[PDB]
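Enquirer: Coordinates in protein-v9.txt, compact mmCIF, C-alpha atoms and all ligand atoms, are listed below.
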# COMPACT_ATOMS: atom_id res chain seq x y z
CA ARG F 5 11.72 11.30 18.42
CA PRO F 6 10.66 13.62 15.63
CA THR F 7 7.52 15.75 15.37
CA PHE F 8 4.64 14.17 13.51
CA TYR F 9 1.75 15.83 11.79
CA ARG F 10 -1.56 14.38 10.70
CA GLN F 11 -3.74 14.47 7.57
CA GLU F 12 -6.46 12.54 5.68
CA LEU F 13 -5.98 11.11 2.17
CA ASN F 14 -8.60 9.06 0.17
CA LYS F 15 -10.42 7.69 3.28
CA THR F 16 -7.19 7.14 5.28
CA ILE F 17 -5.38 8.89 8.18
CA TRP F 18 -1.59 9.54 7.77
CA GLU F 19 0.58 10.56 10.67
CA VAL F 20 4.16 11.12 9.60
CA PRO F 21 7.28 12.96 10.66
CA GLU F 22 7.60 16.57 9.46
CA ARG F 23 10.68 15.48 7.56
CA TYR F 24 8.28 14.11 4.83
CA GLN F 25 6.26 16.78 2.96
CA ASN F 26 3.65 17.15 0.18
CA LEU F 27 2.19 13.67 0.43
CA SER F 28 0.18 12.66 -2.63
CA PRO F 29 -1.33 9.26 -3.25
CA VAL F 30 0.01 7.28 -6.15
CA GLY F 31 -1.20 4.35 -8.18
CA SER F 32 -4.91 4.28 -7.20
CA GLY F 33 -4.50 1.16 -5.01
CA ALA F 34 -2.19 -0.86 -7.31
CA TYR F 35 0.69 -0.26 -4.89
CA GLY F 36 -1.40 -0.47 -1.70
CA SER F 37 -1.82 2.66 0.42
CA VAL F 38 1.25 4.65 -0.78
CA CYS F 39 2.09 8.34 -1.12
CA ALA F 40 4.83 10.11 -3.03
CA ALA F 41 6.52 12.56 -0.71
CA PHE F 42 9.35 14.99 -0.48
CA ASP F 43 12.03 14.06 2.07
CA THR F 44 13.41 17.32 3.47
CA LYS F 45 16.55 15.58 4.80
CA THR F 46 17.87 14.49 1.43
CA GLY F 47 15.96 16.78 -0.94
CA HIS F 48 14.66 13.61 -2.69
CA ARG F 49 11.25 12.31 -3.63
CA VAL F 50 10.34 9.12 -1.69
CA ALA F 51 7.46 6.68 -1.42
CA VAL F 52 5.72 6.16 1.93
CA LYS F 53 3.53 3.11 2.40
CA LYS F 54 1.12 2.81 5.32
CA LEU F 55 0.45 -0.84 6.13
CA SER F 56 -3.19 -1.68 5.97
CA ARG F 57 -4.50 -3.14 9.33
CA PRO F 58 -1.07 -4.54 10.12
CA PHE F 59 -2.16 -6.32 13.34
CA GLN F 60 -5.76 -7.29 12.57
CA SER F 61 -5.11 -11.05 12.84
CA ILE F 62 -2.30 -13.52 13.43
CA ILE F 63 -1.91 -13.75 9.62
CA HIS F 64 -1.63 -9.95 9.05
CA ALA F 65 0.70 -9.63 11.98
CA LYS F 66 3.00 -12.27 10.60
CA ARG F 67 2.85 -10.72 7.15
CA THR F 68 3.68 -7.34 8.61
CA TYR F 69 6.65 -8.81 10.48
CA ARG F 70 7.80 -10.66 7.32
CA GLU F 71 7.60 -7.56 5.10
CA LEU F 72 9.61 -5.50 7.58
CA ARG F 73 12.21 -8.27 8.04
CA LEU F 74 12.62 -8.67 4.26
CA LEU F 75 12.85 -4.95 3.64
CA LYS F 76 15.42 -4.42 6.44
CA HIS F 77 17.47 -7.14 4.84
CA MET F 78 17.61 -5.94 1.26
CA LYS F 79 20.82 -3.96 0.49
CA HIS F 80 21.36 -4.10 -3.26
CA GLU F 81 21.04 -1.74 -6.16
CA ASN F 82 18.46 -3.93 -7.97
CA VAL F 83 16.21 -4.73 -5.05
CA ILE F 84 13.94 -2.26 -3.22
CA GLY F 85 15.45 -1.07 0.00
CA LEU F 86 14.23 0.49 3.27
CA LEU F 87 15.03 4.25 3.70
CA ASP F 88 13.04 4.51 6.91
CA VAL F 89 10.38 2.80 8.94
CA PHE F 90 8.34 4.68 11.59
CA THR F 91 5.22 4.62 13.74
CA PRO F 92 3.55 7.56 15.54
CA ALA F 93 3.40 5.24 18.62
CA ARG F 94 5.46 6.18 21.66
CA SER F 95 5.18 2.70 23.26
CA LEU F 96 4.56 -0.98 22.40
CA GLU F 97 1.19 -0.61 24.03
CA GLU F 98 -0.08 2.05 21.61
CA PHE F 99 1.78 0.55 18.51
CA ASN F 100 -0.86 0.09 15.81
CA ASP F 101 0.44 1.54 12.48
CA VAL F 102 3.59 0.97 10.46
CA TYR F 103 4.91 3.19 7.73
CA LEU F 104 7.64 2.15 5.33
CA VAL F 105 9.76 4.59 3.23
CA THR F 106 11.59 3.62 0.01
CA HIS F 107 12.92 5.29 -3.10
CA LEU F 108 10.18 6.45 -5.42
CA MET F 109 10.49 4.57 -8.78
CA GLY F 110 9.40 6.08 -12.19
CA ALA F 111 7.26 3.37 -13.82
CA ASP F 112 6.58 -0.38 -13.72
CA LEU F 113 7.54 -2.75 -16.49
CA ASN F 114 3.90 -3.63 -17.19
CA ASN F 115 3.13 -0.03 -18.13
CA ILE F 116 6.41 0.16 -20.09
CA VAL F 117 5.90 -2.95 -22.31
CA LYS F 118 2.24 -1.83 -22.82
CA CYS F 119 3.48 1.56 -24.12
CA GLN F 120 6.75 0.86 -25.91
CA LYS F 121 8.32 -1.96 -27.97
CA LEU F 122 11.78 -2.38 -26.41
CA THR F 123 15.15 -2.65 -28.20
CA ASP F 124 17.45 -5.68 -27.77
CA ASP F 125 19.83 -3.41 -25.87
CA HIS F 126 17.13 -2.37 -23.41
CA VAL F 127 16.09 -6.02 -22.96
CA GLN F 128 19.75 -6.96 -22.24
CA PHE F 129 20.13 -4.35 -19.58
CA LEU F 130 16.74 -4.85 -17.90
CA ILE F 131 17.04 -8.68 -17.71
CA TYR F 132 20.64 -8.36 -16.56
CA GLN F 133 19.52 -6.18 -13.65
CA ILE F 134 16.66 -8.56 -12.71
CA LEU F 135 19.09 -11.47 -12.65
CA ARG F 136 21.65 -9.55 -10.71
CA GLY F 137 18.99 -8.75 -8.06
CA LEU F 138 17.84 -12.37 -8.10
CA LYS F 139 21.37 -13.67 -7.56
CA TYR F 140 21.38 -11.53 -4.43
CA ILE F 141 17.93 -12.55 -3.19
CA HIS F 142 18.50 -16.21 -3.91
CA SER F 143 21.84 -16.17 -2.12
CA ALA F 144 19.92 -15.42 1.09
CA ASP F 145 17.59 -18.48 0.49
CA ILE F 146 14.77 -16.02 -0.38
CA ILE F 147 12.46 -16.88 -3.33
CA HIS F 148 10.36 -14.05 -4.74
CA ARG F 149 7.60 -16.38 -6.15
CA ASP F 150 5.59 -13.61 -7.72
CA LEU F 151 7.83 -12.09 -10.33
CA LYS F 152 5.86 -10.33 -13.03
CA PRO F 153 6.19 -7.07 -14.91
CA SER F 154 4.16 -5.04 -12.43
CA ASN F 155 6.63 -6.03 -9.66
CA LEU F 156 9.60 -4.52 -11.47
CA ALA F 157 10.16 -0.80 -11.54
CA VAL F 158 12.58 1.36 -13.45
CA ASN F 159 13.74 4.94 -13.45
CA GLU F 160 14.31 7.13 -16.53
CA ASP F 161 17.98 6.05 -16.45
CA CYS F 162 16.68 2.40 -16.94
CA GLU F 163 17.93 1.38 -13.52
CA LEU F 164 15.69 -1.43 -12.33
CA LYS F 165 14.53 -2.62 -8.89
CA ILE F 166 12.71 -5.79 -7.93
CA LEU F 167 9.75 -5.21 -5.57
CA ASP F 168 6.59 -7.02 -4.43
CA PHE F 169 3.40 -5.04 -4.28
CA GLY F 170 1.43 -8.09 -3.09
CA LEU F 171 -2.38 -8.49 -3.54
CA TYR F 182 -4.31 -6.33 -14.99
CA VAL F 183 -1.40 -8.86 -15.03
CA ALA F 184 -2.18 -12.39 -13.77
CA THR F 185 0.49 -13.97 -11.59
CA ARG F 186 -0.31 -17.37 -13.13
CA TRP F 187 0.98 -16.10 -16.52
CA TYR F 188 4.54 -15.90 -15.10
CA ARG F 189 4.39 -18.86 -12.74
CA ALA F 190 6.58 -21.93 -13.12
CA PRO F 191 4.76 -25.24 -14.05
CA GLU F 192 6.06 -27.07 -10.88
CA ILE F 193 4.21 -24.68 -8.66
CA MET F 194 1.16 -24.48 -10.90
CA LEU F 195 -0.46 -27.63 -9.31
CA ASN F 196 1.28 -28.52 -5.97
CA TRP F 197 4.13 -26.89 -3.95
CA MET F 198 6.18 -30.09 -3.39
CA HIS F 199 9.30 -30.12 -5.59
CA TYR F 200 10.46 -26.49 -6.18
CA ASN F 201 13.57 -24.34 -5.81
CA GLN F 202 14.74 -20.78 -6.34
CA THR F 203 14.57 -21.42 -10.10
CA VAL F 204 10.76 -20.84 -10.04
CA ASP F 205 11.85 -17.22 -10.25
CA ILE F 206 14.00 -17.91 -13.33
CA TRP F 207 10.93 -19.31 -15.20
CA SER F 208 9.24 -16.00 -14.45
CA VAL F 209 12.24 -14.08 -15.78
CA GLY F 210 12.02 -16.13 -19.02
CA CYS F 211 8.32 -15.22 -19.38
CA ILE F 212 9.09 -11.56 -18.73
CA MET F 213 11.97 -11.52 -21.16
CA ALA F 214 9.85 -13.20 -23.92
CA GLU F 215 7.18 -10.43 -23.46
CA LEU F 216 9.77 -7.61 -23.57
CA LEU F 217 11.08 -9.07 -26.79
CA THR F 218 7.74 -9.75 -28.54
CA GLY F 219 5.23 -7.24 -26.95
CA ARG F 220 2.93 -10.23 -25.97
CA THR F 221 2.23 -12.22 -22.84
CA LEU F 222 3.99 -15.51 -23.65
CA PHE F 223 1.54 -17.74 -21.75
CA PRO F 224 -1.84 -15.99 -21.19
CA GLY F 225 -3.67 -18.96 -19.56
CA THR F 226 -7.26 -18.52 -18.31
CA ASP F 227 -6.70 -20.76 -15.34
CA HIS F 228 -4.21 -23.19 -13.90
CA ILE F 229 -5.20 -25.91 -16.36
CA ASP F 230 -5.22 -23.76 -19.45
CA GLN F 231 -1.92 -22.20 -18.22
CA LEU F 232 -0.31 -25.61 -18.17
CA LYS F 233 -1.60 -26.42 -21.70
CA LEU F 234 -0.13 -23.21 -23.08
CA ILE F 235 3.24 -23.97 -21.41
CA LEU F 236 3.39 -27.55 -22.75
CA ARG F 237 2.65 -26.37 -26.31
CA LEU F 238 5.94 -24.42 -26.30
CA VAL F 239 8.18 -26.63 -24.14
CA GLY F 240 6.68 -30.00 -25.07
CA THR F 241 5.05 -32.57 -22.87
CA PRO F 242 7.38 -34.13 -20.27
CA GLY F 243 9.19 -37.23 -21.34
CA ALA F 244 9.90 -40.38 -19.34
CA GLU F 245 12.79 -38.83 -17.29
CA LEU F 246 10.84 -35.89 -15.99
CA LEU F 247 7.67 -37.93 -15.53
CA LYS F 248 9.63 -40.11 -13.06
CA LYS F 249 9.96 -37.12 -10.69
CA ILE F 250 6.27 -36.24 -10.44
CA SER F 251 4.92 -37.63 -7.17
CA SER F 252 1.33 -36.39 -7.46
CA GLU F 253 -0.79 -39.07 -9.07
CA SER F 254 -3.46 -36.51 -10.14
CA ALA F 255 -0.89 -34.18 -11.75
CA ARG F 256 0.93 -37.06 -13.51
CA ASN F 257 -2.48 -38.42 -14.61
CA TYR F 258 -3.38 -35.05 -15.98
CA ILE F 259 -0.08 -34.54 -17.86
CA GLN F 260 -0.12 -38.14 -19.16
CA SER F 261 -3.83 -37.82 -20.18
CA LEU F 262 -2.93 -35.06 -22.64
CA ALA F 263 -1.95 -35.95 -26.18
CA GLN F 264 1.83 -35.68 -26.53
CA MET F 265 3.27 -32.36 -27.77
CA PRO F 266 6.84 -31.88 -29.04
CA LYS F 267 9.20 -29.15 -27.88
CA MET F 268 9.11 -26.23 -30.21
CA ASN F 269 12.21 -24.75 -31.76
CA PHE F 270 12.45 -21.42 -29.95
CA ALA F 271 14.12 -19.72 -32.97
CA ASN F 272 10.88 -20.50 -34.91
CA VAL F 273 8.87 -18.89 -32.10
CA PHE F 274 10.89 -15.78 -31.33
CA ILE F 275 11.59 -15.12 -34.97
CA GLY F 276 14.07 -12.30 -35.62
CA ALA F 277 15.24 -11.99 -32.00
CA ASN F 278 18.93 -11.96 -31.14
CA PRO F 279 20.04 -15.62 -31.21
CA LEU F 280 21.75 -15.15 -27.87
CA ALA F 281 18.36 -13.99 -26.38
CA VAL F 282 16.79 -17.17 -27.85
CA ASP F 283 19.49 -19.43 -26.38
CA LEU F 284 19.07 -17.89 -22.89
CA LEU F 285 15.26 -18.31 -23.17
CA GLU F 286 15.79 -21.99 -23.98
CA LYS F 287 17.85 -22.23 -20.76
CA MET F 288 15.25 -20.40 -18.61
CA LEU F 289 12.09 -22.02 -19.89
CA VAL F 290 12.98 -25.66 -19.16
CA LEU F 291 10.32 -27.74 -17.62
CA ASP F 292 12.69 -29.70 -15.39
CA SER F 293 13.53 -27.34 -12.48
CA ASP F 294 16.66 -29.37 -11.66
CA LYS F 295 17.92 -28.40 -15.13
CA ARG F 296 16.87 -24.72 -15.29
CA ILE F 297 19.69 -22.17 -15.30
CA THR F 298 20.25 -20.31 -12.01
CA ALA F 299 20.55 -16.50 -11.74
CA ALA F 300 24.29 -16.73 -11.16
CA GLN F 301 24.77 -19.00 -14.18
CA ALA F 302 22.53 -16.70 -16.32
CA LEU F 303 24.62 -13.62 -15.52
CA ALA F 304 27.61 -15.37 -17.21
CA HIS F 305 25.59 -16.14 -20.39
CA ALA F 306 27.00 -14.51 -23.51
CA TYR F 307 23.77 -12.43 -23.92
CA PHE F 308 25.03 -10.14 -21.07
CA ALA F 309 28.67 -9.77 -22.24
CA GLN F 310 28.30 -5.93 -22.37
CA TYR F 311 27.14 -5.82 -18.72
CA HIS F 312 28.46 -8.85 -16.78
CA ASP F 313 31.17 -8.18 -14.18
CA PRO F 314 31.76 -11.06 -11.82
CA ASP F 315 33.37 -8.73 -9.22
CA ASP F 316 30.18 -6.62 -9.07
CA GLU F 317 27.35 -9.17 -8.72
CA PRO F 318 27.30 -9.42 -4.96
CA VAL F 319 25.63 -12.00 -2.76
CA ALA F 320 23.59 -11.21 0.38
CA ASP F 321 24.26 -11.58 4.08
CA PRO F 322 22.63 -14.59 5.70
CA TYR F 323 18.85 -14.20 6.34
CA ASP F 324 17.19 -15.77 9.34
CA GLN F 325 13.98 -17.19 7.99
CA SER F 326 13.36 -19.38 11.14
CA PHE F 327 10.31 -17.25 12.03
CA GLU F 328 8.46 -18.66 9.03
CA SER F 329 7.99 -22.00 10.76
CA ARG F 330 6.57 -20.38 13.96
CA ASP F 331 2.95 -20.11 15.12
CA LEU F 332 2.67 -17.15 17.46
CA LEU F 333 0.00 -14.88 18.85
CA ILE F 334 -0.87 -11.48 17.44
CA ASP F 335 0.72 -9.64 20.34
CA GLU F 336 3.89 -11.66 19.90
CA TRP F 337 4.26 -10.88 16.18
CA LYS F 338 3.40 -7.25 16.99
CA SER F 339 6.12 -7.01 19.66
CA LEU F 340 8.66 -8.61 17.30
CA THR F 341 7.72 -6.08 14.68
CA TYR F 342 8.12 -3.30 17.23
CA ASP F 343 11.61 -4.52 18.06
CA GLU F 344 12.50 -4.34 14.37
CA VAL F 345 11.16 -0.77 14.06
CA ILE F 346 13.32 0.32 17.07
CA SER F 347 16.49 -1.41 15.94
CA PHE F 348 16.30 0.03 12.38
CA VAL F 349 19.54 1.81 11.35
CA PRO F 350 19.02 4.11 8.37
CA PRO F 351 21.28 3.78 5.31
CA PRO F 352 24.04 6.38 4.87
CA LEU F 353 22.65 9.57 3.22
CA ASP F 354 25.31 10.39 0.64
CA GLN F 355 24.75 10.19 -3.19
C1 LIG F 401 3.69 -8.86 -0.09
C2 LIG F 401 4.20 -7.57 0.42
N1 LIG F 401 5.53 -7.30 -0.10
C3 LIG F 401 6.66 -7.41 0.58
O1 LIG F 401 6.75 -8.00 1.65
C4 LIG F 401 7.87 -6.68 -0.01
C5 LIG F 401 9.11 -7.05 0.80
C6 LIG F 401 10.43 -6.92 0.09
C7 LIG F 401 10.58 -7.82 -1.16
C8 LIG F 401 11.50 -7.16 -2.18
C9 LIG F 401 11.75 -8.01 -3.42
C10 LIG F 401 12.26 -9.38 -3.04
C11 LIG F 401 11.31 -10.06 -2.07
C12 LIG F 401 11.10 -9.21 -0.82
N2 LIG F 401 7.65 -5.24 -0.02
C13 LIG F 401 7.92 -4.46 -1.07
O2 LIG F 401 8.43 -4.90 -2.10
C14 LIG F 401 7.61 -3.01 -0.96
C15 LIG F 401 7.33 -2.33 0.23
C16 LIG F 401 7.10 -0.97 0.22
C17 LIG F 401 7.13 -0.24 -0.95
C18 LIG F 401 6.81 1.23 -0.93
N3 LIG F 401 7.12 1.90 -2.19
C19 LIG F 401 6.25 1.99 -3.19
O3 LIG F 401 5.08 1.56 -3.12
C20 LIG F 401 6.76 2.58 -4.43
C21 LIG F 401 8.03 3.02 -4.86
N4 LIG F 401 8.03 3.41 -6.13
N5 LIG F 401 6.74 3.21 -6.54
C22 LIG F 401 6.41 3.43 -7.92
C23 LIG F 401 5.93 4.67 -8.32
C24 LIG F 401 5.49 4.84 -9.62
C25 LIG F 401 5.54 3.80 -10.52
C26 LIG F 401 6.04 2.57 -10.12
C27 LIG F 401 6.48 2.38 -8.82
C28 LIG F 401 5.95 2.73 -5.55
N6 LIG F 401 4.63 2.55 -5.66
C29 LIG F 401 7.41 -0.92 -2.14
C30 LIG F 401 7.64 -2.28 -2.14
In structure tokens, how does this file's structure come out?
Expert:
Amino acid sequence: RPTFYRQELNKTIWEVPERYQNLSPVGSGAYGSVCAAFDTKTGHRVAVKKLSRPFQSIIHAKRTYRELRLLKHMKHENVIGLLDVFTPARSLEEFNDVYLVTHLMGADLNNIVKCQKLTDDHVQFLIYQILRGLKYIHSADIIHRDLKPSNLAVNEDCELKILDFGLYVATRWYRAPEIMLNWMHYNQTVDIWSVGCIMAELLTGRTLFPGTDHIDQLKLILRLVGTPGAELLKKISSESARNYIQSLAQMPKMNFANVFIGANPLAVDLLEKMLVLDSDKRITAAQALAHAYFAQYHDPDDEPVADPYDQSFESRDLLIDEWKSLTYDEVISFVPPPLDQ
């Protein structure tokens, strides 16, 4: 067990191994309780996140367990990964705090679109990397569900990672119509809707669908993609939703080339395939990676899938001390990634 040292930072106590030096808070709460630090073992900058009240309730405890399980799973260049996880606790009985260590990223995509107006080449490479990470995530039966520009981070080399910072940019702006009202008929392609929204915004400099609420959001979406026809209406189970959609005056599908005027036609074609209202018909991440828009980047021998992920815990209803002990197990069994790079 290494030697820890203690300090106070913006109201909070931090107790971390000596290996991590010069802790300085970043992001002013946007990222949670996170410090940049220098990792003396690799000579690299890292991010250290201290979980906030990880075991305060059954719900926090489960969320803590879930976050650690997800992070320990992710081994891919376009998804955030776990460099280390530690607690100052010597036993299960005194286990109360959880620290997670990851690579430190340079900037989020929200801040980047807000600053700059990106080239078609940069949009190609950024959306390619998102999709490549999504192929991976989705292969493990994991759905992100909250993809938006502030959950994507890039380094100066334009290398991108998918993250989730959890609770400026409204989630609802990027959320798929089928999970706007109810959560009944949805698949991994909710994430592909989000990618379409993100890609639109990178291309134009403008939130594609800036709805004020769930109802407005849906109205903005239908104005672009058109009100559902007979076929898709047949698959809506919710009376109130179908009533709502059918109570609107009909709107035709827009021609996306008339909306994203001057964009690469291949970008426009992919957008048409991502922003389809029928989630059974929306392009998957794997299919999208083969789209001609990514011809410069796509290599089918280097778009890996994930190992299987045991999500059976999600259906369980356990006590706080049980979720805590499971989380402890996961801290203890953590094997760090190989150093070398
Ligand atoms: C709701 C809580 N979510 C989670 O459970 C997920 C679990 C893993 C997900 C990964 C993506 C797929 C879905 C699972 N958890 C994390 O993603 C997750 C966990 C821990 C960390 C810690 N790292 C940072 O905070 C960090 C790194 N770079 N920068 C940086 C700096 C400047 C500018 C821009 C960025 C940060 N601020 C980072 C993400």
Enquirer: Counting only C-alpha atoms, which of F:81, F:286, F:101, F:336 gets nearest to residue 57 (chain F)?
Expert: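 Closest to residue 57 (chain F) of all the choices is F:101.
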Enquirer: Grab me every residue within 8 Å of ligand LIG 401 (chain F), counting only C-alpha atoms and all ligand atoms, and send it over as number ranges by chain.
Expert: F: 30-31, 34-40, 50-53, 67-68, 70-75, 78, 83-86, 104-112, 141, 146-148, 155, 157-158, 166-171
Enquirer: So that I can see what lies close to residue 209 (chain F), please list as a list in words the residues with an atom at most 10 Å from it, counting all atoms listed in the file and leaving out residues fewer than 2 positions away in the same chain.
Expert: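 The contact residues come out as residues 131, 134, 135, 138, 151, 152, 153, 188, 189, 203, 204, 205, 206, 207, 211, 212, 213, 214, 215, 285, 288, 289 and 299 of chain F.
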Enquirer: Take the residues that were just selected and, keeping C-alpha atoms, output them as a PDB file, keeping the file's coordinate frame.
Expert:
ATOM      1  CA  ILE F 131      17.040  -8.680 -17.710  1.00  0.00           C
ATOM      2  CA  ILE F 134      16.660  -8.560 -12.710  1.00  0.00           C
ATOM      3  CA  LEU F 135      19.090 -11.470 -12.650  1.00  0.00           C
ATOM      4  CA  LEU F 138      17.840 -12.370  -8.100  1.00  0.00           C
ATOM      5  CA  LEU F 151       7.830 -12.090 -10.330  1.00  0.00           C
ATOM      6  CA  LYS F 152       5.860 -10.330 -13.030  1.00  0.00           C
ATOM      7  CA  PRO F 153       6.190  -7.070 -14.910  1.00  0.00           C
ATOM      8  CA  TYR F 188       4.540 -15.900 -15.100  1.00  0.00           C
ATOM      9  CA  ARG F 189       4.390 -18.860 -12.740  1.00  0.00           C
ATOM     10  CA  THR F 203      14.570 -21.420 -10.100  1.00  0.00           C
ATOM     11  CA  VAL F 204      10.760 -20.840 -10.040  1.00  0.00           C
ATOM     12  CA  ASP F 205      11.850 -17.220 -10.250  1.00  0.00           C
ATOM     13  CA  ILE F 206      14.000 -17.910 -13.330  1.00  0.00           C
ATOM     14  CA  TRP F 207      10.930 -19.310 -15.200  1.00  0.00           C
ATOM     15  CA  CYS F 211       8.320 -15.220 -19.380  1.00  0.00           C
ATOM     16  CA  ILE F 212       9.090 -11.560 -18.730  1.00  0.00           C
ATOM     17  CA  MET F 213      11.970 -11.520 -21.160  1.00  0.00           C
ATOM     18  CA  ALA F 214       9.850 -13.200 -23.920  1.00  0.00           C
ATOM     19  CA  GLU F 215       7.180 -10.430 -23.460  1.00  0.00           C
ATOM     20  CA  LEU F 285      15.260 -18.310 -23.170  1.00  0.00           C
ATOM     21  CA  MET F 288      15.250 -20.400 -18.610  1.00  0.00           C
ATOM     22  CA  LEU F 289      12.090 -22.020 -19.890  1.00  0.00           C
ATOM     23  CA  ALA F 299      20.550 -16.500 -11.740  1.00  0.00           C
TER      24      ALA F 299
END
Enquirer: At a cut-off of 6 Å from (-4.9, 10.0, -3.5) in the coordinates of the file, what residues are picked up using all atoms listed in the file, written as JSON, numbers by chain?
Expert: {"F": [13, 14, 28, 29]}
Enquirer: Between F:291, F:198, F:217, F:303, which one has atoms that come closest to residue 279 (chain F), using all atoms listed in the file?
Expert: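 That would be F:217, the residue with the smallest distance to residue 279 (chain F).
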Enquirer: Taking only C-alpha atoms into account, name the residue in F:56, F:226, F:237, F:90 that is nearest to residue 23 (chain F).
Expert: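 For residue 23 (chain F), the nearest of the given residues is F:90.
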Enquirer: How many Å separate CA of residue 260 (chain F) from CA of residue 295 (chain F)?
Expert: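 About the pair CA of residue 260 (chain F) and CA of residue 295 (chain F): they are 20.9 Å apart.
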Enquirer: Here is a test: counting all atoms listed in the file, which residue of F:132, F:270, F:258, F:18 is nearest to residue 304 (chain F)?
Expert: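 So, comparing all the options, the nearest one is F:132.
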Enquirer: So the first atom is CA of residue 297 (chain F) and the second is CA of residue 240 (chain F); what is the distance between them in Å, to one decimal place?
Expert: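 Straight-line distance from CA of residue 297 (chain F) to CA of residue 240 (chain F) works out to 18.1 Å.
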Enquirer: Which residue, F:306, F:184, F:239, F:353, has the smallest gap to residue 43 (chain F) when you use only C-alpha atoms?
Expert: F:353
Enquirer: With distances taken over all atoms listed in the file, which of F:328, F:316, F:354, F:161 is nearest to residue 140 (chain F)?
Expert: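 Nearest candidate to residue 140 (chain F) out of F:328, F:316, F:354, F:161: F:316.
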Enquirer: Please identify all polymer residues within 7 Å of region 200-202 of chain F, counting only C-alpha atoms, omitting same-chain residues fewer than 4 positions from it, and present them as number ranges by chain.
Expert: F: 142, 147, 192-193
Enquirer: State, in Å with one decimal place, the distance from CA of residue 326 (chain F) to CA of residue 62 (chain F).
Expert: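 CA of residue 326 (chain F) sits 16.9 Å away from CA of residue 62 (chain F).
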Enquirer: Draw an axis-aligned box over all listed atoms of region 261-267 of chain F, pad each side with 5 Å, and write its centre and edge lengths in Å, one decimal, as AutoDock Vina command-line options.
Expert:
--center_x 2.7 --center_y -33.5 --center_z -24.6 --size_x 23.0 --size_y 18.7 --size_z 18.9
Enquirer: How about completing region 144-155 of chain F with N, CA, C and O atoms and giving it to me as a PDB file, keeping the file's coordinate frame?
Expert:
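Contents of out.pdb, freshly written:
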ATOM      1  N   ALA F 144      20.415 -15.420  -0.278  1.00  0.00           N
ATOM      2  CA  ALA F 144      19.920 -15.420   1.090  1.00  0.00           C
ATOM      3  C   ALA F 144      18.839 -16.516   1.341  1.00  0.00           C
ATOM      4  O   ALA F 144      18.164 -16.471   2.367  1.00  0.00           O
ATOM      5  N   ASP F 145      18.633 -17.421   0.383  1.00  0.00           N
ATOM      6  CA  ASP F 145      17.590 -18.480   0.490  1.00  0.00           C
ATOM      7  C   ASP F 145      16.172 -17.824   0.464  1.00  0.00           C
ATOM      8  O   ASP F 145      15.253 -18.300   1.086  1.00  0.00           O
ATOM      9  N   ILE F 146      16.035 -16.693  -0.221  1.00  0.00           N
ATOM     10  CA  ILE F 146      14.770 -16.020  -0.380  1.00  0.00           C
ATOM     11  C   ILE F 146      14.329 -16.275  -1.850  1.00  0.00           C
ATOM     12  O   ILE F 146      15.143 -16.108  -2.786  1.00  0.00           O
ATOM     13  N   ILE F 147      13.084 -16.698  -2.027  1.00  0.00           N
ATOM     14  CA  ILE F 147      12.460 -16.880  -3.330  1.00  0.00           C
ATOM     15  C   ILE F 147      11.360 -15.816  -3.422  1.00  0.00           C
ATOM     16  O   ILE F 147      10.602 -15.633  -2.495  1.00  0.00           O
ATOM     17  N   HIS F 148      11.288 -15.118  -4.560  1.00  0.00           N
ATOM     18  CA  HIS F 148      10.360 -14.050  -4.740  1.00  0.00           C
ATOM     19  C   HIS F 148       8.958 -14.678  -4.916  1.00  0.00           C
ATOM     20  O   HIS F 148       8.018 -14.286  -4.240  1.00  0.00           O
ATOM     21  N   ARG F 149       8.826 -15.603  -5.845  1.00  0.00           N
ATOM     22  CA  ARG F 149       7.600 -16.380  -6.150  1.00  0.00           C
ATOM     23  C   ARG F 149       6.528 -15.636  -6.888  1.00  0.00           C
ATOM     24  O   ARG F 149       5.572 -16.245  -7.323  1.00  0.00           O
ATOM     25  N   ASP F 150       6.604 -14.339  -6.972  1.00  0.00           N
ATOM     26  CA  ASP F 150       5.590 -13.610  -7.720  1.00  0.00           C
ATOM     27  C   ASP F 150       6.133 -12.603  -8.693  1.00  0.00           C
ATOM     28  O   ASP F 150       5.650 -11.461  -8.804  1.00  0.00           O
ATOM     29  N   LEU F 151       7.194 -12.984  -9.359  1.00  0.00           N
ATOM     30  CA  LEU F 151       7.830 -12.090 -10.330  1.00  0.00           C
ATOM     31  C   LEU F 151       6.929 -11.939 -11.532  1.00  0.00           C
ATOM     32  O   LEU F 151       6.346 -12.958 -12.029  1.00  0.00           O
ATOM     33  N   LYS F 152       6.669 -10.688 -11.899  1.00  0.00           N
ATOM     34  CA  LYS F 152       5.860 -10.330 -13.030  1.00  0.00           C
ATOM     35  C   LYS F 152       6.134  -8.874 -13.356  1.00  0.00           C
ATOM     36  O   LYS F 152       6.757  -8.178 -12.539  1.00  0.00           O
ATOM     37  N   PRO F 153       5.728  -8.407 -14.545  1.00  0.00           N
ATOM     38  CA  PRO F 153       6.190  -7.070 -14.910  1.00  0.00           C
ATOM     39  C   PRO F 153       5.784  -5.940 -13.962  1.00  0.00           C
ATOM     40  O   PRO F 153       6.512  -4.961 -13.833  1.00  0.00           O
ATOM     41  N   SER F 154       4.632  -6.070 -13.326  1.00  0.00           N
ATOM     42  CA  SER F 154       4.160  -5.040 -12.430  1.00  0.00           C
ATOM     43  C   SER F 154       4.926  -4.994 -11.088  1.00  0.00           C
ATOM     44  O   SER F 154       4.861  -4.011 -10.374  1.00  0.00           O
ATOM     45  N   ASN F 155       5.717  -6.023 -10.797  1.00  0.00           N
ATOM     46  CA  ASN F 155       6.630  -6.030  -9.660  1.00  0.00           C
ATOM     47  C   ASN F 155       8.056  -5.594  -9.925  1.00  0.00           C
ATOM     48  O   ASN F 155       8.916  -5.806  -9.081  1.00  0.00           O
TER      49      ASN F 155
END
